[PDB]
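Fold and geometry: a report
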Amino acid sequence: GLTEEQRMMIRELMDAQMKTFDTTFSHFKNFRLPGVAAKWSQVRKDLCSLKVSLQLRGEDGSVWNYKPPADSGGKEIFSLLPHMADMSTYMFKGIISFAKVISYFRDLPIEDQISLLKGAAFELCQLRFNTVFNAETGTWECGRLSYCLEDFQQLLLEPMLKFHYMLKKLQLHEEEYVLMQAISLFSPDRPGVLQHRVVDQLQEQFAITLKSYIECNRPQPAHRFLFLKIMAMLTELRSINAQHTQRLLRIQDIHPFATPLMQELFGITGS
Ligand SMILES: N#Cc1nn(-c2c(Cl)cc(C(F)(F)F)cc2Cl)c(N)c1[S@@](=O)C(F)(F)F
């Protein structure tokens, strides 16, 4: 029960997701793996908040399985950074392809495109990982890869992990996940955006379509206020993004790891 423009909107967003999101992670390869003075206390706190074991199912049926070390006050806490930087770079490329395919994004001036991508790449990445997150086992299932949280109520103290469990509980459709990505991408208040009036009108239209979609396709009392919960999710995710951008820059300051694409998105110039 949407306007013709509203369903053309969902159709195009659902199309750009289909073309740019490798849900089986088939083309993620050549990645790195762990081998076979008051900043550090913060960096140690930054790192220990999301430790994860890693499983690789080979095409032949073999299984590699990695258990990370415990914190012993040394550089061994940096063991997973190259791999997770390689995974982030792969996700970021899918995000950039996603935005480039959308006509509303394409139509913005280029300098506004980079500004919007710098501001929302993390958030769109987190949103895509939620669709492959298994809340019953605490595992991100990325095709032949899987990432299982180490052994509960004290794990939800981490805001990002708390975000993933709450978003998964909302039981969202594919159409609702992609409208969330559009709203986060077309945020008029990212640093450096110039066409903020255009970008705000675009954002307001993606939110209105989402509100109408829920009310057309979700009449159950369980989904009362669902639109407002999602919009609050997005504000929460957005705060998680800011506070994590500093986590990453702190680690980068004392132990470099960011790929060239990660530097581009986060403002590191090379000197
Ligand atoms: N952005 C994005 C982003 N995705 N991820 C992420 C990765 Cl790489 C892997 C998993 C896995 F399932 F594999 F465990 C889960 C997640 Cl949520 C992380 N750590 C980030 S950020 O910290 C960064 F580094 F800035 F990209």
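- As summarised from the PDB record, the model derives from X-ray crystallography at a stated resolution of 2.65 Å.

**Here's the deal with the overall build of the protein**
- Along the backbone of the protein there are ten helices and five strands.
- Since a compact globule built from 271 residues should have a radius of gyration of about 18 Å, the 19 Å found for the protein is in line with a globular shape.
- When its C-alpha atoms are laid out on the principal axes, the protein stretches across 60 × 45 × 35 Å.

**Some thoughts on unusual backbone geometry**
- In this structure, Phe-25 takes a positive phi of about 55° despite not being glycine.
- Counting through the fold element by element, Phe-25 comes out in the loop between α1 (4-20) and α2 (39-47).

**Structural notes on the UniProt feature "binding site: hyperforin" in the protein**
- Mapped onto this numbering, the UniProt entry annotates "binding site: hyperforin" at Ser-88, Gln-126, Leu-127, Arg-128, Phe-129 and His-244.
- Here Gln-126 is to be found in helix α5 (residues 110-130).
- Ignoring anything within four residues of it in the chain, the contact list for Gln-126 reads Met-160, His-164 and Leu-237.
- Structurally, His-244 is set in helix α9 (residues 226-254).
- Dropping the residues within four chain positions of it, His-244 is found in contact with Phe-122 and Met-160.

**Observations regarding the environment of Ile-77**
- Along the chain, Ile-77 falls in the loop between β2 (63-66) and α3 (81-101).
- Along the primary structure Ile-77 and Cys-48 are separated by 29 residues, whereas in three dimensions their C-alpha atoms are 7.9 Å apart.
- Ignoring any residue separated from it by four or fewer positions in sequence, one finds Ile-77 in contact with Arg-44, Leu-47 and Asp-71.

**A look at the pairing of β2**
- Bridge count between strand β1 (residues 52-57) and β2: four bridges; the pairing is antiparallel. Paired with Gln-55 across the two strands is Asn-65, which belongs to β2.
- Connecting β1 to the antiparallel partner β2 that follows it, the hairpin turn spans five residues, and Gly-61 within it adopts a positive phi of roughly 110°.

**Section: the packing of α1 against helix α7 (residues 174-185)**
- It is at 9 Å that the axes of α1 and α7 come closest, and there the two elements cross at 90°. Here α7 runs roughly perpendicular to α1, going by the angle between their axes. Of the residues in α7, those touching α1 at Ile-10, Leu-13, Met-14 and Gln-17 are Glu-174, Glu-175, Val-178, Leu-179, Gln-181 and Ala-182.

**Brief notes about the sheet that holds strand β5 (residues 145-149)**
- With antiparallel pairing, the five strands of this open sheet are ordered in space as β2-β1-β5-β4-β3. At either margin of the open sheet sits one strand with a lone partner, and together these are β2 and β3 (133-134).
- Pairing geometry for β3 and strand β4 (residues 139-142), over two bridges, is antiparallel. The partner of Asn-134 across the bridge, within β4, is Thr-139.

**Considerations on the pattern of salt bridges**
- The partner of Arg-7 in a salt bridge is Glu-4, with the nearest N and O atoms 4.0 Å apart. Of this pair, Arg-7 and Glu-4 both sit in helix α1, separated by three residues, roughly a single helical turn.
- Between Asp-86 and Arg-32 there is a salt bridge, with its nearest N and O atoms 2.7 Å apart.

**Re the environment of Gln-55**
- With respect to the helices, strands and loops of the structure, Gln-55 is situated in strand β1.
- Here the alpha-carbon distance between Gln-55 and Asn-65, two residues ten residues apart in the chain, equals 4.4 Å.
- Residue contacts for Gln-55: discarding those within four places in its chain leaves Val-63, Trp-64, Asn-65, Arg-144, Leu-145 and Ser-146.
- A polar side-chain atom of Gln-55 sits 3.2 Å from a polar atom in the side chain of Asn-65.

About the cut-offs
Residues numbered from 1 in each chain as written, not as in the entry; some residues may be left out. Heavy atoms only, no water. Residues with missing side-chain atoms left out of burial classes, pairs and counts. Helix = DSSP H or I, 4+ residues; strand = E, 2+ residues; numbered from the N terminus. Rg over C-alpha atoms; globule rule 2.2 N^0.38 Å. UniProt positions renumbered as here; feature names shortened; annotations may be inferred. Contact = heavy atoms within 4.5 Å. Pairing = 2+ DSSP bridges. Axes fitted to C-alpha atoms, helices over the stretch in contact; angles between N-to-C directions. Parallel < 35°, antiparallel > 145°, perpendicular 65-115°, else oblique. Salt bridge = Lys/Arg side-chain N within 4 Å of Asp/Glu carboxyl O. Polar contact = N/O pair within 3.5 Å; in protein donor to acceptor, adjacent residues only side chain to side chain.

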